[PDB]
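A short write-up of the structure that comes next.
Protein chains: 2
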Amino acid sequence: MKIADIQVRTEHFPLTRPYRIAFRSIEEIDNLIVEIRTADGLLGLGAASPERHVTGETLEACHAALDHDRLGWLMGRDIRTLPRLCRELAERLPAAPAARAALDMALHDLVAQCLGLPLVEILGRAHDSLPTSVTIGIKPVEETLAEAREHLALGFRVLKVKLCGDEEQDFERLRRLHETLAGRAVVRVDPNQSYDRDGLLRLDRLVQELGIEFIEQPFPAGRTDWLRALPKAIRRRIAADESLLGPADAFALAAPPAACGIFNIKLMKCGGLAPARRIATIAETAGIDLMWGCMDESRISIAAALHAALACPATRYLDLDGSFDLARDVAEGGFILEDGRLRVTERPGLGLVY
Amino acid sequence: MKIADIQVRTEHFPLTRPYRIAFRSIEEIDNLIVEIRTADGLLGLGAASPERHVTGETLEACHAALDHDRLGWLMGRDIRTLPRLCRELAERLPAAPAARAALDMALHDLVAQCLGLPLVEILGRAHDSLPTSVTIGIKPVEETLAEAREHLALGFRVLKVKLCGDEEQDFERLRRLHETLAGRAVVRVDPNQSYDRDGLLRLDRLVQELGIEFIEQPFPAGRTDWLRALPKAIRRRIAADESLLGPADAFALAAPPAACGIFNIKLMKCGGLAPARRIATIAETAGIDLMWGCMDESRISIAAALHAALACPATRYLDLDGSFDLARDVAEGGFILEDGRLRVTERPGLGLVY
Ligand SMILES: NCCCC[C@H](NC(=O)[C@@H](N)CCCNC(N)=[NH2+])C(=O)O
Ligand SMILES: NCCCC[C@H](NC(=O)[C@@H](N)CCCNC(N)=[NH2+])C(=O)O
Ligand SMILES: [Mg+2]
Ligand SMILES: [Mg+2]
Numbered sequence: 001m002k003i004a005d006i007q008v009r010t011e012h013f014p015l016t017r018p019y020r021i022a023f024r025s026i027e028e029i030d031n032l033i034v035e036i037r038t039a040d041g042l043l044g045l046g047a048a049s050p051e052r053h054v055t056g057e058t059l060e061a062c063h064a065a066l067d068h069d070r071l072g073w074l075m076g077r078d079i080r081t082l083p084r085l086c087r088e089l090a091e092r093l094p095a096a097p098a099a100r101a102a103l104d105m106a107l108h109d110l111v112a113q114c115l116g117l118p119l120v121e122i123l124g125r126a127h128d129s130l131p132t133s134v135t136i137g138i139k140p141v142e143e144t145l146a147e148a149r150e151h152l153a154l155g156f157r158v159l160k161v162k163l164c165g166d167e168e169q170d171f172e173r174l175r176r177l178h179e180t181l182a183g184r185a186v187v188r189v190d191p192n193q194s195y196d197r198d199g200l201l202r203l204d205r206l207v208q209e210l211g212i213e214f215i216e217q218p219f220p221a222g223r224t225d226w227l228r229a230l231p232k233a234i235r236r237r238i239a240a241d242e243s244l245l246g247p248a249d250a251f252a253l254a255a256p257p258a259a260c261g262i263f264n265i266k267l268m269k270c271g272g273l274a275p276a277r278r279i280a281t282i283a284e285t286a287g288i289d290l291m292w293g294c295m296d297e298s299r300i301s302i303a304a305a306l307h308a309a310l311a312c313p314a315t316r317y318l319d320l321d322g323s324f325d326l327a328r329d330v331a332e333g334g335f336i337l338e339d340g341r342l343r344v345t346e347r348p349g350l351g352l353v354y
Numbered sequence: 001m002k003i004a005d006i007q008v009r010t011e012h013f014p015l016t017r018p019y020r021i022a023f024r025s026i027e028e029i030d031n032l033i034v035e036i037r038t039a040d041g042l043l044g045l046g047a048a049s050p051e052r053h054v055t056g057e058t059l060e061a062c063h064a065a066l067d068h069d070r071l072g073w074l075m076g077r078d079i080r081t082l083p084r085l086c087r088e089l090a091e092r093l094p095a096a097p098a099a100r101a102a103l104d105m106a107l108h109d110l111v112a113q114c115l116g117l118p119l120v121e122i123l124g125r126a127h128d129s130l131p132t133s134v135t136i137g138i139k140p141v142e143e144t145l146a147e148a149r150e151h152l153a154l155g156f157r158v159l160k161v162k163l164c165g166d167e168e169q170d171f172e173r174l175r176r177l178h179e180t181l182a183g184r185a186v187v188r189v190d191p192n193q194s195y196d197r198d199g200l201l202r203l204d205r206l207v208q209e210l211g212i213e214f215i216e217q218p219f220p221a222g223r224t225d226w227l228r229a230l231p232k233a234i235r236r237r238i239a240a241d242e243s244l245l246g247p248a249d250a251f252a253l254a255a256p257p258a259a260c261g262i263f264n265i266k267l268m269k270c271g272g273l274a275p276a277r278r279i280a281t282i283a284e285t286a287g288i289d290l291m292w293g294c295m296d297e298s299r300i301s302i303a304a305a306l307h308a309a310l311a312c313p314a315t316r317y318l319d320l321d322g323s324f325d326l327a328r329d330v331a332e333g334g335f336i337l338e339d340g341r342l343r344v345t346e347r348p349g350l351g352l353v354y
């Protein structure tokens, strides 16, 4: 199939809804858009959203790694050799997982078009659709319930709530919300490293009481020893996010005694579908459930993540809302949202429309 | 691309060279041959050689799992959906890994032909070629040297020597063999679960002194705890065979403290290329070396093992001699032997010829 050409550009996306995360805040996001064209005319798409506090990858570095000069070795390479290409991406873009993921997506986009089916069918289909959470950032009780209701009306059945580590505020938000929802959506929480050992045992008791489904990354990334020191049943209700970048992390967390029961895979953390799939093999073997999450991102990479997600039997949760609050985007299609569930189209490849 | 027909038959192959394994003694072999034709005329090939003592799969059970009536679910299925098809093989033939492999093989053969490249390039190429060992069964000192010399003459640079557990005979054979070869070939050994703990330490001292590359399965398959009680440096020179069936075993042996340093993968154990590649992912992350082994088998499955092996960066060794001593076969091609080294032809798919 033969790569002819590659274009890379910066795109600025302001958010319709700015929000707060633990020791942070976000009004807008930059992505890198990648276009890979085939000798015979086909177009693969990819998108990068580097997260520096997690992977160490700056936007400057991401863009650097995608510079036209540094990509020459891809010219004229045969996309049917995709897994070899993915290995070489890992070797030539060792420090830029988001950049690497962008190219990786695009190649998966093209190989599926070559074969003639939606990418998911090519990776083998484990699922037709799944519910996705939408995110509520850090904010006071009234505002929280206010956003909660907006989301219910847009038809979402799952809410992901960010916690700040102040137990008084965190707990009252969760109790009020549980009340206000009256069983209309389930809830998952994300303290984002802000808790401590005694704190989490407390939060976990609430979580059981309120029927919250799991707790995402309660302790600091390096603190996985704190996780293993918890009773096994509590560990099953905890997901690793910032602790989990690639397959090496997956294996280390999965090794007995296992650190947790859920992995949150993000393309921008691991560097594309190929490494994400290695994570899934490890997780499935270890009896660990997969959650597919994201950064603030164009529909392009959300779609890529969805196709991967629906191809893994171990996939259980989706947190795929990264493109919803974008003020504009550079592509349409790739997935369909209906009544809170995410689905792919019947179009070949990623199914994106330019 | 749409499966159209599936045909299955028993073939009886006598050996040109009968041989003894610890507790066993083989004079001939039966294989099941599997032909999958596409609606467009394309032909996939697979071969099953069930090993009952290792997998519990008998020839009868294997044949039964391939009955034309038990295979109806595959008709009309699209081979471009291969990973999904393989997941189903696992559900529908859970107790018959050889039969599963035979179908898995054939399907990979077709997807590769669909794309139009040798299977190995579709899987992404990690290697051009590797040396293979040839096997010397249990037999006295003189006949061992005689067989070694026959093999040197045919150009092999690596010999795999079966040990029986009797140290006086085992050690004498290895010492003599070392002397007879000059540097002409490296030697690897395979006690097949016949050693105890005190004896293995004795064997390992010899192995270091004689420059033998490693020891395959010194202990009973269930005695994994004996491995972990060894110093790490010794564990690195040990390969797992009968202890390793599928990915579940792979993870178990790989998790810290790791039981051994090398996995011996066999399609007839794990159930085909799909599970085999799952083992490879685990092994690579754990820093375990891969060796691809076999039973007495037609070129068909040897070829398939070869494509898979040349596609995994973790592969360090081949023991692929399973089709050499067959008095007849049903196919040609698929791999080329030169000067002890195995390599694949340039033809698409498995590259077999009828
Ligand atoms: N660096 C991204 C911040 C959040 C990451 C993630 N939580 C989420 O809920 C993501 N879906 C956030 C990105 C989606 N966009 C919006 N506006 N919520 C995490 O678990 O760390
Ligand atoms: N129970 C497994 C039977 C084979 C044993 C295998 N040893 C080998 O040497 C393999 N290459 C088998 C094929 C050898 N074929 C001939 N004709 N010598 C093992 O590792 O247990
Ligand atoms: Mg998190
Ligand atoms: Mg063995």
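Keeping their order, the protein sequence lines are chains U and Y.
Start counting the first sequence at 1; every next residue gets the next number (the UniProt record's numbering).
Start counting the second sequence at 1; every next residue gets the next number (the UniProt record's numbering).
Here a beta-carbon is modelled for each residue, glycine too, at the ideal position from N, C-alpha and C.
The bridge partners DSSP lists for U/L326 are U/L15. The Cβ of U/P83 sits closer than 8 Å to at least one Cβ of chain Y.
Residue-level contact check: Y/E121 touches chain U, since one or more beta carbons of chain U fall below 8 Å from its beta carbon. Taking the Cα positions, U/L45 is about 45 Å away from Y/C62. Taking a C-beta cut-off of 9 Å against chain U, the contacting residues of the stretch 278-306 of chain Y are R278, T281, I282, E284, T285, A286, listed in chain order. Closer than 7 Å at the C-beta level to chain Y, one finds these residues of the stretch 242-253 of chain U: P247, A248, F251.
Y/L89 is not a Cβ neighbour of Y/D78, given a cutoff of 8 Å.
Relative to ligand 1, even the nearest heavy atom lies 7 Å or more away from the CB of U/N31. For Y/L163, the CB contacts under 7 Å within the same chain, skipping 5 residues up- and downstream, are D170, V189, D190, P191, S194 in chain order. Proximity of U/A309 to chain Y, defined by a Cβ-Cβ separation below 8 Å, is not satisfied.
Taking C-beta separations shorter than 8 Å and ignoring five residues to either side along the sequence, the partners of Y/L245 in its chain run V54, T55, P97, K269, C270, following chain order. Apart from the 5 residues on each side of it in sequence, U/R278 sits with its Cβ closer than 7 Å to the Cβ of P247 in its chain, given in chain order. By the neighbour-count definition (other C-beta atoms within 10 Å, threshold 16), U/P118 is a buried residue. In this structure, the beta-carbon distance from U/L174 to U/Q113 does not fall below 8 Å. For Y/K269, the enclosing alpha helix (DSSP H) covers residues 267-270.
Nearest CB-CB separation between U/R87 and chain Y: below the 8 Å threshold.
Near ligand 3, meaning a beta-carbon closer than 7 Å to one of its heavy atoms, we find U/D190, U/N192, U/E216, U/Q217, U/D241, U/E242, U/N264.
Per DSSP, Y/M75 lies in no alpha helix (DSSP H) and is assigned neither H nor E. U/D321 and U/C294 have their C-alpha atoms some 7 Å from each other. Taking each of Y/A303, Y/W292, Y/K232 in turn and checking the Cα distance to Y/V353, the smallest one comes out for Y/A303. Remark: fewer than three beta-carbon pairs, one from each stretch, lie closer than 8 Å, so the stretch 339-352 of chain U and the stretch 6-17 of chain Y are not flagged as touching.
DSSP links U/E332 through a beta bridge to U/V353. Distances between the C-beta of Y/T315 and the heavy atoms of ligand 2 are all 7 Å or more. By the criterion of a C-beta distance shorter than 6 Å, Y/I138 is surrounded in its chain by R20, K162, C164, once the five residues flanking it on both sides are discounted.
Here Y/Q193 carries a coil assignment [DSSP, helix/strand/coil].
Between U/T281 and the set U/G76, U/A259, U/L110, U/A308, the nearest pair of CA atoms involves U/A308. By the C-beta density criterion, U/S301 is buried, having at least 16 other C-beta atoms within 10 angstroms. Annotation: Y/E35 is outside any alpha helix (DSSP H); the continuous beta strand (DSSP E) that includes it extends over 26-38.
With a threshold of 7 Å, the Cβ atom of U/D296 counts as near ligand 1, since some heavy atom of the ligand is closer than that. As DSSP reads the structure, Y/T10 sits in a beta bridge with Y/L32. When distances are taken from the beta-carbon of U/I21 to the heavy atoms of ligand 1, the shortest one is below 7 Å. The DSSP assignment places 133-136 as complete runs of the beta strand (DSSP E) inside the stretch 128-155 of chain Y, in order along the chain (cut-off: 3 residues). Interface criterion not met: the Cβ of Y/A314 is under 8 Å from no Cβ in chain U.
Per DSSP, U/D319 is not a residue of any beta strand (DSSP E), being assigned neither H nor E. Just so you know, the alpha carbons of U/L177 and U/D329 end up roughly 32 Å apart. Collapsing the DSSP output to three states places U/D289 in a strand.
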